[PDB]
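Notes for the one structure printed next.
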Amino acid sequence: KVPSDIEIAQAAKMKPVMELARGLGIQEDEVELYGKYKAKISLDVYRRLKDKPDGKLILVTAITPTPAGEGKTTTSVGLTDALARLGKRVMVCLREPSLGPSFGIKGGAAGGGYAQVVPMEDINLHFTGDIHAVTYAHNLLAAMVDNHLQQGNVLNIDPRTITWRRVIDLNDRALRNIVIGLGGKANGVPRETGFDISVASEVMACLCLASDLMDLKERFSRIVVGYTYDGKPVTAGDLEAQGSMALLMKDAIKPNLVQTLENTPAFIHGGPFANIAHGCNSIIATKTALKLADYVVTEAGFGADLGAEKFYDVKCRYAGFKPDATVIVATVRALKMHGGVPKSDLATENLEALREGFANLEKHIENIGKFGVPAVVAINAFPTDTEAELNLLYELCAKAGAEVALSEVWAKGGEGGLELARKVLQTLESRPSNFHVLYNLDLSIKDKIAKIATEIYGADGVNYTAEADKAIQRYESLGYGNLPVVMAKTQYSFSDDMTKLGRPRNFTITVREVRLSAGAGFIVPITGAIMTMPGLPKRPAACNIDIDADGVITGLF
Amino acid sequence: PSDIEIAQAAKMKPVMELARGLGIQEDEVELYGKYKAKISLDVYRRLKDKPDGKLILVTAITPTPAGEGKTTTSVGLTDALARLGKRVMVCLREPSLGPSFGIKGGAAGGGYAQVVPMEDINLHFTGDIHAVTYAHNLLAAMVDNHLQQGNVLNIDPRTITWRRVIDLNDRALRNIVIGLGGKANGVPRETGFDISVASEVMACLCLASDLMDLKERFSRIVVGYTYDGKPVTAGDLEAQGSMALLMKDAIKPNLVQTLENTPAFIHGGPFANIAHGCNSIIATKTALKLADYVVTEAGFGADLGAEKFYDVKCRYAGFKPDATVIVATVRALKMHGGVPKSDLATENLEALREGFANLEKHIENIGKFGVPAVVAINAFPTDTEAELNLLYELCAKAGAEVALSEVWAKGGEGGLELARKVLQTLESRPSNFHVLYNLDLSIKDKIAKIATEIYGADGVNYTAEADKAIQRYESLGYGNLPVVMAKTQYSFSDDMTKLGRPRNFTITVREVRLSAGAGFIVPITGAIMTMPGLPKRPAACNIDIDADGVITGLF
Amino acid sequence: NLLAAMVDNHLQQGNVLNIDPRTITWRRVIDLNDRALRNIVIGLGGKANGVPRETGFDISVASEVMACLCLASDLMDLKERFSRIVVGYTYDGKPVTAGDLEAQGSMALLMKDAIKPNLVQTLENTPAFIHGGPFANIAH
Ligand SMILES: Nc1nc(=O)c2nc(CNc3ccc(C(=O)N[C@@H](CCC(=O)O)C(=O)O)cc3)cnc2[nH]1
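Residue numbers (the authors' numbering), protein chains in the order written: chain A, 3 to 559; chain B, 5 to 559; chain A', 141 to 280. A prime marks a further copy of an entry chain.
Below you can see the structure in the form of structure tokens.
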């Protein structure tokens, strides 16, 4: 029945965003249109409503990702729409997609099926320019570092200690490890460096954590690029780059007003990695949205062991938010993959594997309660699921003390989200949250890692390479030790081993390397090897993409 | 009284107003805030047969440290024509972001002849360049990924001519090695970056007729060769769809205005050596339907921008320039007279009278295309009346109308005298446009008719590399293409020391490159800087924006 | 190659002579026809491993050290000459020599037998010296 995803995005009737904005109580002079279906909202809206109370905050998360797929944003949008159908005054805030994937494997809707934010095609490409803003702010600093050396290197940097890489928003592996500054004395200083994908830029994380443009510049001034020969850090502040970087982001700092297929207003703004960063959209968008609405849905990247953790222990920490509930999105099939059933055999009913894989969901639910937040499970309905499966899954959610609702937002838009929405409102009305970050900043890095690892991952303990132990000593010594902690780990297990599905017991995390983001204001311990610059596949989608004389776009979505 | 100041104090009409003022519907306008917008190509298609208005190329005499002010004069001529009740718009190039952080960050034009909002124009504007940058870099990545995947096309990574771009002055990226890290990480090869406005993809945007022609062009782009020597194209990599896609918006020209609310287009902006330094054909050809008068410009002196304006931009689009302006200063002609930069406040009636042979050549050159030339003598406070008056006479004795232009100071009123001379030249002096050469010649005959007629050189020489590159290019059937001379702009010759009108000299062609996508051949005489660098005290260090959005240090 | 390796170690230890590594003219040598060594980049791997710089190899008979042997009067003259070999420049533009790196005694040491000419004969037993052998374009 259901048209494809791009098909649905064409036939959406979209309201002029200017209207949606006056509807929320935003003035015309706080609105910079980008065409008629996108706008950029002033930070002055927040400033004039600073003293208003916040709407309710509803975090959407998910169980441990899998081949089987789970659909988190589809649930978020269609949760938002269901809320709107019940007369509630609500917005959803979401991350902007990286352009790159559009040409490799993806792209796909912001959400899916009948639960989307739109215009789809602008959001997947240049949208309102936020990522080029980031790309050029990042690269200017790189180019300032490099020019610095070229002009006699006054700060007495060691070019081999330089951690500030370049960025480009394409999946281009050949740029991972390069050598720059070749050609002779007139041409730079030979040094080893490389590129990361732009959404993985620390500059992207600063935008997503900054309170305004002046806070964003301040943060920029504390970005560490490298070291001197004596071992002292050198910052962007020291190069006096922050005013220029700030300049390049003067529009980028404004969140982007768009809507859902059903015309529910929505902000898309920022969009960082959720392993080396926190995988949330801008504080700016979410804080603005809490004034305009009585209800705000937002999501975080990867599973609840990562995004949800970092949403609480970093995003709210900084903004001083207090989530009111959190929705855990789950699928009967992924639970079975967690129960040990292979991809191909996931349609076959198997109540045993479902129950045994349910431990993945049970552990997350328990994790959400460790922050003092009531949890509601959404079940992403799928045609193969039997009733005996769906029912077992409710008992189980119930046995574990969580409300649960079957969700059909993909097929039925906001109507499929109403059972769930009623369980949220029902939860909001009678189990107010008691929000608490998992850990205190004045612990030691090793303390804060174990906390996360043992309480959230169910890890026995943590191991550390010499390189790790040394970084930590050095960082703690530079006074960056009372900072929050951002675990970069595989999203496919609670553990650092992507093969360990379900709820692995009797295991241990191993920290190979520790990096720093003094701009964003956090420590990044790394367990696997992180891909901060993925590559295209052998048959990339760029080969099948076209657009004809009437702008008909085949091969993209 | 500074230029940024004057840019703040502009009473800017909403763009939407002008668009419908020009007969554009509400649905052909995609606003970017109230004072910028993009016009749809449907405006051209639906007025396809309505008549072009008049085409007035502005150009200039040979560049100098005196700084002649070519754009300012274009903006101030457009303002003038508007004050005379004439339906007119100007078409100009979008400036690179990068320079704003090195030394530059200037007005589109100057003084009281600007196009606004100045600060968005120098920054992200409407993202035309990021569209270019990503369309270029996608392709690079596609080439590199190809190799990673078994290199089916059997490319020689060392032949690869397709570089990357970024729109910052970053000299550290000029020569790099990529693809390191081992079999998982690409294929080691030497390459580099070039500023984004120097892209072939920028050139293509500025010559493409529509989005599909832009795509077709991309298809023909050459990225390198196979081990056998067979060229390999973006078409072979099936990349043109994806590049066209990333440019669906950038292909539309951007409506903005002047300080006196005269509608303006800013669309495209390429290099004027390895390319042809014009704004997009799209913008000017849309602009021809929306007015009776279109002013536009081309990069560097008339020997380059103007030659390539005529022999490339017009050839492709089938335009017929009705008049041409040649800007000049008294002080610039005095540099061409031998007087150094420090001493040019001093009157010097001989140096102006030996230096005038530069302008006298350009004017003779404009006459070779069958175009009526008119001079503009950009007025300056230190210019004597005897100097100015010697100039008129010399322009007159050369058989060209001339007018004083005080647009930097007097806005559109300063440019009335010129604007009248132009309209007088248009009402009675009809151009008979003719490209300087025919495409059916061999490459070397085209460089020669260029070198001789325009640059006034006695002949042309060729290194072995040049002869072989031509031999091969001609051998691949790219012989029947126009020619885009990559030469220093500071002389008629290939020697930047030779000011004035050098006689009895030669051009030497060291190297020859191709742009099968833009559809021309690029002979190189000097070495061309495709990636400048930041200076010792860059302007990014004092650039700042405060709690109120007030911006210091930029301009 | 010892000198090359002394130049490179110099930079690694804080670069007191304040050389510009991009001005270095002293290349390496190997006595094989190996084109892939013409243009290399050395000193990669990070702070513990040298200073990234562009250099290359020439064939050993084309070494300036070969020419000094072929022009020196004895071993002490050969060392003296070694001390005047120019390797590169400082940032200010002043030349830096092997003498300045105090390499000449070691280079001299490595050549203490090499300085002696080699007695051999012709098929018909006529005595003959073979000794040295430089390029005749960039040398004599
Ligand atoms: N990607 C994707 N995601 C989806 O969620 C999806 N959903 C459908 C349609 N999904 C479904 C899911 C469940 C039932 C179903 O068995 N519903 C039960 C109700 C269960 C209960 O309330 O306990 C029924 O029989 O009514 C039907 C269709 C089709 N394609 C999809 N594709």
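A virtual CB, placed ideally from N, CA and C, is assigned to each residue, including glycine.
- DSSP, reduced to helix, strand and coil, places B:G113 within a strand of the structure shown.
- Nearest to B:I286 by alpha-carbon distance, out of B:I225, B:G113 and B:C318, is B:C318.
- The C-beta distance from A:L172 to A:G109 rounds to 13 Å, too long to fall under 8 Å, and the pair is not in contact.
- Closer than 6 Å to some heavy atom of ligand 1: that describes the Cβ of A:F384.
- When the alpha-carbon of B:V205 is set against those of B:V227, B:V19 and B:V92, the nearest one is in B:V227.
- Using a C-beta cut-off of 8 Å, the region 290-303 of chain A makes no contact with the region 403-417 of chain A, since fewer than three inter-stretch Cβ pairs fall below that distance.
- When 7 Å is used as the limit between beta carbons, A':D160 is near these residues of chain A: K187, in chain order.
- Here A:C282 is bridged, per DSSP, to A:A302.
- In this structure, A:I278 keeps its C-beta atom at 7 Å or more from the C-beta atom of A:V120.
- Under the three-state reduction of DSSP output, A:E405 falls in the strand class.
- Sequence-distant partners of B:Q261 (beyond 5 residues in either direction) whose C-beta falls short of 8 Å from its own C-beta, in its chain, are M16, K17, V19, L22, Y39, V119, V120, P267 and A268.
- Around A:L184, the same chain offers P192 as residues with beta carbons nearer than 7 Å, after the five sequence neighbours per side are excluded.
- For chain A, the residues of the region 162-185 of chain A' that bring a beta carbon within less than 9 Å of one of its beta carbons are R162, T163, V181, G183, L184 and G185, in chain order.
- With at least 16 other beta carbons inside 10 angstroms of its own, B:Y314 counts as buried.
- Judged by their CB atoms, B:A64 and B:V331 are nearer to each other than the 7 Å cut-off.
- Checking the DSSP bridge columns, you'll see B:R193 partnered with B:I182.
- In the DSSP assignment, A:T262 forms a beta bridge with A:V119.
- Below the 8 Å Cβ cutoff, chain B contributes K540 as neighbours of A:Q153, in chain order.
- Of all alpha-carbon atoms in B:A188, B:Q12 and B:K252, the one lying nearest the alpha-carbon of A:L127 is that of B:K252.
- From the beta-carbon of A:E194, the residues of chain A' found nearer than 9 Å are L184, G185, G186 and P192.
- The beta carbon of A:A202 lies closer than 6 Å to those of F275 and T534 in the same chain, with the five residues before and after it left out.
- The bridge partners DSSP lists for B:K42 are B:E34 and B:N258.
- Assignment of A:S519 by DSSP, reduced to helix, strand and coil, places it in the strand class.
- Proximity of the beta carbon of A:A413 to ligand 1 is indicated: a heavy atom of the ligand is located closer than 6 Å.
- A contact between stretches requires three or more CB pairs, one per stretch, nearer than 8 Å, and the region 470-485 of chain B meets this requirement with the region 435-452 of chain B.
- Using beta-carbon distances, A:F197 does not count as an interface residue toward chain B, since no partner is under 7 Å.
- Counted as a single uninterrupted DSSP element, the alpha helix (DSSP H) harbouring A:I447 occupies residues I447 to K453.
- Straight through space, the alpha carbons of A:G115 and A:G416 are spaced by roughly 11 Å.
- Residue pairing by DSSP puts B:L96 in a beta bridge opposite B:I270.
- Rounded to whole angstroms, A:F197 and A:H140 show a C-alpha spacing of 11 Å.
- Restricting attention to B:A380, B:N382, B:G557 and B:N393, the CA atom closest to the CA of B:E354 is found in B:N393.
- Within the DSSP bridge table, the entry for A':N277 names no partner.
- Residue nearest to A':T230 within the set A':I270, A':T163, A':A176 and A':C210 is A':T163 (criterion: CA-CA distance).
- In terms of beta-carbon proximity, B:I528 stays away from the interface with chain A, with every pair separated by 7 Å or more.
- No Cβ-Cβ contact shorter than 7 Å links A:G342 with A:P67.
- For a Cβ distance threshold of 7 Å, residue set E242 of chain A lies close to B:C545, ordered along the chain.
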